[PDB]
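We use all heavy atoms of the structure for the numbers below, so side chains are in, but hydrogens, waters and symmetry mates are not. Note on naming: letters A, B, ... go to the chains in the order of the sequence lines (proteins, then strands), and numbering restarts at 1 for each one.
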Number of protein chains: 6
Amino acid sequence: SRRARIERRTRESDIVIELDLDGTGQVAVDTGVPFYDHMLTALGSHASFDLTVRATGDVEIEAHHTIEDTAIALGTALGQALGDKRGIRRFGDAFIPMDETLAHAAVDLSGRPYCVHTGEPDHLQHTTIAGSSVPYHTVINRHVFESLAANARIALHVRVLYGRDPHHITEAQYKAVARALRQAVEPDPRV
Amino acid sequence: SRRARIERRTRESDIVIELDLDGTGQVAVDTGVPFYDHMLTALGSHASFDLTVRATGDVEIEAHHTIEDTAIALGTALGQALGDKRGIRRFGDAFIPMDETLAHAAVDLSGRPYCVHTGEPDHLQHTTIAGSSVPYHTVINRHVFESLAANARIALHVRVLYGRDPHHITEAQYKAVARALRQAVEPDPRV
Amino acid sequence: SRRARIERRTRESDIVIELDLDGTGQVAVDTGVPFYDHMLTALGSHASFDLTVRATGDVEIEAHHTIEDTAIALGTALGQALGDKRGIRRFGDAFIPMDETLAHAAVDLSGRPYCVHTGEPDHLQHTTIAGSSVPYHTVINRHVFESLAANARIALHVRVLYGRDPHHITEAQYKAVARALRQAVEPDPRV
Amino acid sequence: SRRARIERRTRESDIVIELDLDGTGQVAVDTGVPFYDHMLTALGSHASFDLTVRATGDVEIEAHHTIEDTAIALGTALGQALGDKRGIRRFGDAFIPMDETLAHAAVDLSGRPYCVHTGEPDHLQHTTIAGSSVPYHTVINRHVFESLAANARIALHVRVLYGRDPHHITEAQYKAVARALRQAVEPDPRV
Amino acid sequence: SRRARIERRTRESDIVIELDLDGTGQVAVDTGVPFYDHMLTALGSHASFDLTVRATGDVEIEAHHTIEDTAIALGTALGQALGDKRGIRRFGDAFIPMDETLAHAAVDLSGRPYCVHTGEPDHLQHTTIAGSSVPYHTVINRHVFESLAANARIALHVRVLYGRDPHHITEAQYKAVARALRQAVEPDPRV
Amino acid sequence: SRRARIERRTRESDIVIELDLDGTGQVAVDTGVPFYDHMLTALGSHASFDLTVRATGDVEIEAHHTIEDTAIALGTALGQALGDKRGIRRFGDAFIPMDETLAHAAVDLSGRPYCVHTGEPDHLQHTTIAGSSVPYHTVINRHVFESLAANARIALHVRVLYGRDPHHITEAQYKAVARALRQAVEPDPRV
Ligand SMILES: O=P(O)(O)OC[C@@H](O)[C@@H](O)c1cnc[nH]1
Ligand SMILES: O=P(O)(O)OC[C@@H](O)[C@@H](O)c1cnc[nH]1
Ligand SMILES: O=P(O)(O)OC[C@@H](O)[C@@H](O)c1cnc[nH]1
Ligand SMILES: O=P(O)(O)OC[C@@H](O)[C@@H](O)c1cnc[nH]1
Ligand SMILES: O=P(O)(O)OC[C@@H](O)[C@@H](O)c1cnc[nH]1
Ligand SMILES: O=P(O)(O)OC[C@@H](O)[C@@H](O)c1cnc[nH]1
Ligand SMILES: [Cl-]
Ligand SMILES: [Cl-]
Ligand SMILES: [Mn+2]
Ligand SMILES: [Mn+2]
Ligand SMILES: [Mn+2]
Ligand SMILES: [Mn+2]
Ligand SMILES: [Mn+2]
Ligand SMILES: [Mn+2]
Ligand SMILES: [Mn+2]
Ligand SMILES: [Mn+2]
Ligand SMILES: [Mn+2]
Ligand SMILES: [Mn+2]
Ligand SMILES: [Mn+2]
Ligand SMILES: [Mn+2]
C-alpha cells in the first residue's frame with residue numbers, strides 16, 4: 001500500500017532500502033557504521049515504519065559517503081512511498097526529551113525540499129562517537145537531515161532547544177524527526 | 001450544529017461570514033484584497049472549516065478597514081459557533097514550516113480574549129505584498145490576530161521562530177492559527 | 001460668525017476650503033488622495049468644525065503637492081476664522097488612544113507659528129499607505145502639521161507616545177490635533 | 001437612564017455590581033480584599049459613579065480570582081450602562097499626582113477593547129500590600145485594567161510617569177482611570 | 001486497571017494519594033495549602049486523571065515539607081499506575097497560553113528520572129501567593145516538578161516561554177505538565 | 001467669597017498679597033525683580049485670579065529672599081482662599097507650548113504639600129535672565145514651585161517635556177501651573 005524498495009549503487013556504496021509507512025516498527029539496519037545503525041533503528045521504530053536498510057560503502061575513508069548515500073536512498077524511499085500524499089495529516093512535529101537534552105522536529109510533506117537545522121551546540125561540529133568499529137562524526141547529523149529532506153522533497157526543521165551529551169543530542173534529533181514523520185504520514189480522518 | 005452567520009455593516013465596510021467548525025475545508029473568500037483572500041482561504045482550509053467570506057470596503061483608502069472588519073466579524077462567528085464549548089479539546093497548537101520560515105500558534109478557547117504575537121522580523125512592520133490589485137501591508141498581521149482573538153474571546157499566541165520571505169512568514173502564521181484552532185475546536189473523547 | 005472660505009490656485013493644485021469653527025462635524029473632503037481625505041474628515045469631525053475641502057492637483061507626480069497646498073489653505077482658513085481670538089480658551093490638548101497607539105497634541109493659538117513633532121517611530125519616514133487610488137507616504141504627516149501651524153500662525157506640538165501600526169499612528173495624530181483645536185477655539189466663559 | 005446590574009457566578013466567585021454612570025459618588029464595595037475595596041471605592045467616587053460591588057470568592061487561594069471576576073463584571077456593567085454611546089465626549093484623560101507619584105490614564109470608548117499599561121516600577125511585579133485581612137499583590141494592577149477594558153470594550157491606556165510608594169502608585173492609577181472615565185462618559189454638548 | 005494508592009507518613013507529613021490514569025477528571029485535593037490544592041486540581045483535571053489527595057503536614061513551619069511530600073507521593077503513584085508502560089504513546093507535550101503567559105511541558109515516560117525547568121522569570125524565586133490561609137512560595141514550583149519526575153522515574157521538561165503574573169505563570173506550568181502527561185499515558189493504537 | 005490678604009514681614013522682605021480665586025485676571029505685581037513680576041503676572045492672569053503683589057526686599061544681595069518670601073506668602077494666600085475646598089474640581093493640569101518649549105503642570109489640592117519638578121534642562125541651574133534692573137537666576141524656578149506647594153499645602157508636579165530658551169522654559173512653567181490651578185480651583189458641578 002505505502003511501500004518502496006530503493007536500490008542505489010555508486011562508486012562509493014551499495015544501498016537497499018525497504019520501507020513501509022504503515023508499519024509497526026519492524027526495523028533492521030546494517031550500514032557498517034554501528035552508531036548510524038542505532039540512529040536509523042531509532043528513526044524507523046519511533047516512526048512506526050517497517051524499515052530494512054542494508055548498506056556497504058568505503059568506510060576505510062570514513063562513514064560520510066555511506067551515511068550520505070543511505071540518507072539519500074531513505075529520502076527517495078520516503079518520497080516514493082508517500083506517492084500523491086492524498087488524505088494525510090501532512091504536518092507533524094514532536095518534542096523529544098532525552099535526560100538533559102530537548103530536541104524538536106517539525107515537518108511539512110509539501111513536495112518542496114527544505115531543511116533548517118538550529119541550536120546544535122558548537123562542540124558537535126568536531127565530536128566523534130567512537131566504539132570498537134567505524135566511528136560517527138556528529139558534524140554529519142545536519143547532512144543526514146538535509147539529504148533526507150532533499151530526496152523525500154519535504155520541509156524538515158530540526159531544533160536542539162538545549163543539551164550537553166552528543167549521543168543524547170543526536171539520538172533526540174533522530175527520534176524527533178521519526179515522531180514528526182509518524183504524525184505527518186498518518187491518514188487525516190477529515191481531508 | 002456548530003455554525004454561525006454574521007453580518008457586519010459599518011460606514012467603511014459590509015461583511016457576511018458563514019462558518020461551520022465541523023467542515024471539510026469548503027472555503028470561498030472575496031474581500032477585494034486578494035492576498036488577504038489567500039490568507040483566509042489558507043486559514044479556512046487548514047482549520048477544516050467550511051467558510052464563506054464576502055466583504056466590500058473602502059479599499060480606495062487602503063485594505064486596513066476591510067481587513068480589520070473582516071477579522072472582527074470572523075472572530076464573532078468563531079465565538080458564536082463554539083457556543084458553550086462543552087466537550088472540546090480547548091487547547092490546540094501547530095508548527096508550520098514554510099521553506100526557511102517556522103511559525104507556531106497556540107490557542108486556549110478560554111472565553112478570555114488575549115493575543116500575544118512575537119518573533120516577526122522588524123522588516124514586516126513596513127513590508128507591502130503588492131500585485132495587480134489592492135496591496136496588503138504585513139504590519140496588519142498583528143491586527144488580524146488581535147481582532148480574531150478579541151472577538152472570538154480566546155487566547156491566541158502566534159510566534160515566528162525564524163524566517164525571511166514576508167509571504168512565507170505571513171502564510172505560515174495564518175496556517176499555524178488554522179491548525180491550532182482545528183485541534184482546539186475538535187470534540188475531546190474524554191471530557 | 002467664525003467662518004472663512006479660502007481659494008488657493010497654484011501651478012500644481014486648485015483648493016477651496018469652507019471652514020466654520022462653531023460647527024457640528026458636517027465634513028466633506030475630496031482631495032484625490034483618499035487616505036488624506038480620511039485624515040482631514042477625522043480632523044474636521046473630531047474638531048466639531050463644519051469643513052468642506054475640494055482639491056485637485058498633480059497626483060501623477062505623487063500626493064505631496066496636493067497634500068501640502070491643502071494644509072496651507074486649511075491653515076490660512078483656521079487663522080482667518082479665528083480673527084482677533086478675543087474670549088477663547090486659547091490653549092487646548094488631547095490624548096488619543098487608538099488600539100496600541102497613544103498620541104497627544106497641545107496647541108497655543110498665539111499668532112506665533114511653531115510646530116514640534118516628536119516620537120513618531122522611524123519606520124513612518126518611509127511607510128506607504130496604499131489602496132486602489134493615489135497612495136499616502138506617512139513621511140508627509142510632519143509636513144501637514146508644519147503647514148497647518150505656519151499658516152494658522154499657531155503653536156502646534158504633536159507627540160506619539162508609542163505605537164506600531166502606521167494607520168493608527170497617523171489617525172491618532174490627526175484626531176489629537178482635532179480635539180486640541182476644538183478645546184482651544186471654544187469660548188472661555190471667564191475671559 | 002445609564003444603569004446596569006450585573007450578576008456573575010463562577011466556580012471561584014459570586015459578584016453583584018450596580019452601576020449608574022450619572023451618579024454623585026455613592027459607593028459601597030465589599031470584595032473580601034480590603035485594599036481592593038479601597039481602590040474600587042476610589043474608582044467609583046472619582047468617576048462620580050454610583051457603584052455597589054458585593055463579591056465573595058476563594059480568598060483562601062489568594063485575591064486573584066475575586067479581583068479578576070470583579071473587574072470582568074465591572075467592565076461588563078460599564079459597557080452595558082454606556083449602551084449606544086450616542087452624544088458622549090468619548091475621549092477622557094486625567095493626571096493624578098499622589099505625593100511623589102504621577103499617574104495618567106487616557107480612554108477612548110471605541111467598542112474596541114485595548115489596554116496598554118506602562119511605566120509601573122519593576123518592584124510592583126512582586127510587591128504585597130498586607131494588613132490584618134487578605135493581602136493585595138500589586139502585580140494584579142495590570143490584570144484589573146486589562147479585565148476592565150476587555151469587558152467594557154474600550155481603549156484604556158494607563159501610565160506611571162514616576163513614583164516610589166506602591167500604595168501611591170496603585171491608588172494614583174485607579175484614580176486616573178476614574179477621572180478619565182468621568183470625562184469620557186459625560187454628555188458632549190456639541191455632538 | 002491503571003490505579004495506585006500511595007500512603008506516605010513522615011515526621012513532617014501524612015499523605016494519601018488515589019490515582020487512576022484512565023479517569024474523567026474526578027479530582028479532590030486537600031493539602032492545607034489552598035493555592036497548591038488549586039494547582040494539583042488543575043493538574044488532575046487537565047490530565048483526565050481521577051485523583052484524590054489528602055495531606056496534613058507541618059504548615060506552622062511553611063508549606064514546603066507538605067508540598068514536597070505530596071509531590072513525592074504523587075510521583076510514586078504515577079510510576080506505580082504506569083506499571084510496565086506497554087502500548088502507551090510514551091511522549092507527550094502541551095503548550096498552555098494563560099493570558100500573557102505561554103508555558104510548555106514535554107515528557108518521556110523513559111524510567112530515567114530527569115527534570116529540566118527553564119524560562120521562569122527571576123521574580124518567581126522570591127514571590128509569595130498569599131490568601132487567608134497558608135501561603136505558597138513560587139520558588140517551590142521547580143521543587144514540585146523535580147519531585148514528580150524523580151519519583152515517577154520520567155523525563156519532564158517544563159518551559160516558560162514568557163509571562164508576568166506569578167499565578168498565570170505557575171498555573172500554566174501545572175496545566176502544561178497535566179496535558180503532556182495525558183498525551184504520554186494514552187494507549188498508542190500502533191505499538 | 002474666595003479671597004485672602006496675607007502680610008509677611010521678615011528681616012529680609014515685606015510682602016502684601018491680595019488674592020481672589022474667582023477673578024478675571026486683574027493682576028498687579030511689583031517685587032523689585034522685573035522678570036519675576038512678569039512671571040507672577042502670567043501666573044495671576046492665566047489662573048483667572050485677581051492678584052495684587054507688593055514686595056520690597058534685600059535685592060542688594062540678589063532676588064532670592066524676595067522671590068522666596070513672595071512665593072511663601074502667595075502659597076499661604078492660595079491655601080487660605082481655598083478654605084475647606086468643598087465642591088471644587090480638586091485636580092487640574094495644563095500643557096503650555098511656548099515656541100520650541102512644551103511644559104506641563106498637574107495639581108491635586110490635597111492638603112498634602114508635595115512638589116516634583118522634572119525635565120528642566122541642566123543649563124537653567126546656572127542661567128541668568130538680566131535686564132536693566134535686578135536679574136533673575138533660573139535656578140530659583142524650582143524654589144518658587146516648592147515654596148508655593150509647601151505653603152498652599154497642595155501637590156504640584158511641574159514638567160518640562162523639552163525646550164531651549166530659558167525665558168520660554170520658565171514662562172511656560174509658570175503658565176502651566178497657572179492653568180492647572182485654574183482648572184483645580186473651579187467649582188465641580190457634580191460634587
Ligand atoms: O528510548 P529507547 O528505548 O528507544 O532508547 C534506548 C536507550 O537506552 C539508549 O538509546 C540510550 C540511552 N542513553 C543514550 N542512549
Ligand atoms: O500549502 P498550500 O498548498 O496550502 O499552499 C500553496 C502554496 O503553493 C502557496 O501558497 C505558496 C508557496 N510559497 C508561497 N505561497
Ligand atoms: O473613531 P472613528 O469612528 O472616527 O474612526 C473609525 C475607525 O473605524 C477607522 O478610522 C479605523 C480603525 N482602525 C483604523 N482606522
Ligand atoms: O484623595 P482621597 O481623599 O480620595 O484619598 C484619601 C487618602 O488619605 C488615602 O487614600 C491615602 C493617602 N496615602 C495613601 N492613601
Ligand atoms: O482554565 P480553568 O477553568 O481550569 O481555570 C479557571 C481560571 O478561571 C482560574 O484558575 C484563573 C484565572 N486566572 C488565574 N486563575
Ligand atoms: O502669551 P502672553 O500674551 O501671556 O505672553 C506675551 C509674550 O509675548 C511674552 O511673554 C513672550 C514671548 N516670548 C517670550 N516672552
Ligand atoms: Cl505626558
Ligand atoms: Cl518551542
Ligand atoms: Mn557529502
Ligand atoms: Mn543510544
Ligand atoms: Mn485598526
Ligand atoms: Mn502563498
Ligand atoms: Mn513640500
Ligand atoms: Mn482609519
Ligand atoms: Mn487571571
Ligand atoms: Mn490609600
Ligand atoms: Mn525540599
Ligand atoms: Mn487560578
Ligand atoms: Mn531659600
Ligand atoms: Mn515673556
Inset, instruction - For B:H143 and C:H168, test the side chains for any donor-to-acceptor distance below 3.5 angstrom and give the result as yes or no. - result: yes

Inset, instruction - Quick one: closest heavy-atom pair of C:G131 and B:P135, and the distance? - result: O-CD, 3.8 Å

Legend entry - Contact origin within C:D37 toward chain B - heavy atom pairs under 4.5 Å: neither

Inset, instruction - Report yes if some heavy atom in the side chain of C:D165 is under 4.5 Å from a heavy atom in the side chain of B:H64; otherwise report no. - result: yes

Inset, instruction - Give, for atom NE2 of B:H117 and atom CZ of C:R164, the distance between the pair rounded to the nearest 0.5 Å. - result: 7.0 Å

Legend entry - Verdict with reasoning, C:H38 to B:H65, per ring pair (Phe, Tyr, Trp, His ring centres under 6.0 Å): CA-CA 11 Å; C:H38 177 42; B:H65 296 163; 4.8 Å; yes

Legend entry - Atom CZ of C:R3 with >12 non-hydrogen neighbours under 6.0 angstrom: no

Legend entry - Under 4.5 Å from a heavy atom of chain B, the part of C:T128 involved: backbone

Legend entry - Top contributor to chain C interface from B:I140, B:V139, B:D122 [non-hydrogen pairs under 4.5 Å]: B:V139

Legend entry - Winner by heavy-atom pair count (cut-off under 4.5 Å) against chain B, out of C:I129, C:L124, C:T127, C:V33: C:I129

Inset, instruction - Identify the two heavy atoms, one from B:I61 and one from C:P34, that lie closest to each other, and give their separation to 0.1 Å. - result: CG1-O, 3.8 Å

Inset, instruction - Determine the minimum heavy-atom distance between B:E62 and C:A130, stating which atoms define it. - result: CB-O, 3.3 Å

